[PDB]
Every structure is written in structure tokens, then in C-alpha cells.
Amino acid sequence: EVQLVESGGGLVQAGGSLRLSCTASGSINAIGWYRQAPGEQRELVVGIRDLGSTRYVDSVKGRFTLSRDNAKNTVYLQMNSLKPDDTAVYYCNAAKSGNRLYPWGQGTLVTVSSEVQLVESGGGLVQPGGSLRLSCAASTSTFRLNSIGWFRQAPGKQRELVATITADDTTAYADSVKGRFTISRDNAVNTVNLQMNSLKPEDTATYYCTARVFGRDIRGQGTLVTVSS
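Numbering-wise, the sequence shown is residues 1 to 26, 30 to 117, 128 to 242 according to the authors' numbering.
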């Protein structure tokens, strides 16, 4: 028979990332990931159509990415932009139609935490392919939020504008992050965020927050984001 075992889960915050891996010895194409918490019976998160496609639950489509390496009898599931509601234990038995369920692994656990001037946060170190979430508090006691934008800068190089959101909720991203980055407001708390998926060694920079208030343009001190594994 097969012995399944899965590892790589951990504690992480809003946004954030984690690479779950899984492995077996004793067809690796028929493996998908289940998820279980207490108080609601376990569900399926990723499965396989008979033809060989990889169908993902709509609640997560656009975050979790099933990869595989036949050469190591290993399957993975790269998680980005992790939400609190992703908290549970993930298993690794099969998910193609018409296949026997393999012997249950123990499961790796996955937990997810949570003079006007601006205040950035969230910056940290991650691996290539990871995901962060930066936030931009204004420190005003809700005096004015306005229209903002995020610009980064590696040391000794010219600044780069990455993404912006105006008052009208229009978004524009640079071609250097096209597809990967996503700027959302979250207005209910007077803070504005930037989700950063699929990072590279090339994003290693100090990320700041500009707002252009009355008269002068303003920024915050900005947080490091490093990616070199």
C-alpha cells in the first residue's frame, strides 16, 4: 500500500504564504488536498477532472496552486494570500473520479493570524513565490483617507511606482508587477493594503506609502521586503 505524509504547514498572518508538501511510497496525478477544522465536516479544496485538469474551490481559486514533481514522488500546494478562514488541517489523499482513497496521513496544521503622516507595516522576509500583505494606516483618528499609491525603492536605485488607487476606486499597476500585486482599500477601518503574490528576488526593496495631502506630498518611513530564500 501507500504511506502518505504531509508537512510544511505553520502559523502565518493575514496575506502571508506557506508551501505545503506531500509525499508517498509503496499514479500521483490523482492527488488533491482536503481541509478540516472542528465543528464543520471536512471538505475538498483541490481535485482532478478525469481528463487531467486541476479544479480548485471557487472560495480559494486565485490563491492556492497545486504543483507536482514526478521525479521525487512529491506533490505540493503553494498557498498565497492566506485568510483566517483557511485555518485547518490539510490532508493529501486522492481526488480524481473513480480511484481508491489512499491511507490517511496525519495532516500538517495551518493557522492564520490577523501633522498628519502615514504608517506602513507588514514588511518582512519571505521565500520566492511567497506572498505578503502591506498596510497603510494614516494615523489621523479618521481625519482624511484620500487617494494613495505605493512606491518601492531598492537602495541606490531610482524609485518605482507600483500600484495606485484613487478616490474613485480605480486601480493601476506597473508592468513590473502586472498580475501579481493587488491593491484593495478596506475602508471600514481607515487603512489601505497591498497584497503581494508570487514574489521574486527582484522585489527586494523598501516599500513606502504616498498620499499627497494639502500642499506638500507626504510619505511614511516604509518597511523592508526581502525575498532571497
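Built from N, CA and C at the ideal position, the CB exists for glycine as well.
Item to check | Rounded C-alpha distance that separates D181 from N159 | outcome: Stepping through the sequence shown from its first residue, residue 181 is reached at position 168. Stepping through the sequence shown from its first residue, residue 159 is reached at position 146. In a straight line, the C-alpha of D181 is about 10 Å away from that of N159.
Next on the checklist: Does the contact criterion of 3 or more C-beta pairs under 8 Å hold for the segment 217-235 versus the segment 157-177?
Outcome noted: With the rule of 3 Cβ pairs closer than 8 Å, the segment 217-235 counts as touching the segment 157-177.
Item to check | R45 versus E1: straight-line alpha-carbon distance, rounded | outcome: As a first step, residue 45 is located in the sequence shown; it is residue number 42 there, counting from the start. As a first step, residue 1 is located in the sequence shown; it is residue number 1 there, counting from the start. If you take the alpha carbons of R45 and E1, they lie about 24 Å apart.
Next on the checklist: Let me confirm a value: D216 is counted as buried when at least 16 other C-beta atoms fall within 10 Å, else exposed. Which label applies?
Outcome noted: Within the sequence shown, numbered from 1, the residue matching residue 216 stands at position 203. Label assigned to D216: buried.
Checklist entry - Could you give the distance in angstroms between the alpha-carbon of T179 and the alpha-carbon of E128? => result Numbered from its first residue, the sequence shown carries residue 179 at position 166. Numbered from its first residue, the sequence shown carries residue 128 at position 115. C-alpha separation (whole angstroms): 22 Å.
Next on the checklist: Could you tell me the alpha carbon to alpha carbon distance between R225 and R157, rounded to whole angstroms?
Outcome noted: Residue numbering aside, residue 225 sits at position 212 when the sequence shown is read from its first letter. Residue numbering aside, residue 157 sits at position 144 when the sequence shown is read from its first letter. Taking the straight line joining both Cα atoms gives about 12 Å.
Checklist entry - Under 8 Å, do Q140 and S211 count as touching if we go by C-beta distance? => result The residue you call residue 140 lines up with position 127 of the sequence shown. The residue you call residue 211 lines up with position 198 of the sequence shown. The answer is no: Cβ separation not under 8 Å.
Checklist entry - For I231, which residues from the same chain have a beta carbon less than 8 Å from its beta carbon, with the 5 sequence-adjacent residues on both sides left out? => result Residue mapping note: residue 231 aligns to position 218 of the sequence shown, counting from 1. Its chain contains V129, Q130, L131, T223, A224 and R225 as the residues whose beta carbon lies nearer than 8 Å to that of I231, once the 5 sequence neighbours on both sides are disregarded; these appear in chain order.
Item to check | DSSP beta-bridge partners of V238 | outcome: Start at 1 with the first residue of the sequence shown, and residue 238 comes out as number 225. Answer is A218, bridged to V238.
Item to check | Member of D188, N76, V48 and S56 whose CA lies at the smallest distance from the CA of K64 | outcome: Start at 1 with the first residue of the sequence shown, and residue 64 comes out as number 61. Ranking the options by Cα distance to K64, first place goes to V48.
Item to check | First through last residue of the beta strand (DSSP E) which encompasses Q3 | outcome: As a working mapping, residue 3 is identified with position 3 in the sequence shown. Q3 -> beta strand (DSSP E) spans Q3 to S7.
Next on the checklist: Which residue marks the beginning of the beta strand (DSSP E) containing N96, and which one marks its end?
Outcome noted: The residue labelled residue 96 in the question sits at position 93 within the sequence shown. In the DSSP assignment, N96 falls outside any beta strand (DSSP E) and carries neither an H nor an E.
Item to check | Alpha-carbon spacing of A33 relative to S116, whole angstroms | outcome: For the purposes of this step, residue 33 is taken as residue 30 along the sequence shown, with counting starting at 1. For the purposes of this step, residue 116 is taken as residue 113 along the sequence shown, with counting starting at 1. A straight-line Cα-Cα distance of about 32 Å links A33 and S116.
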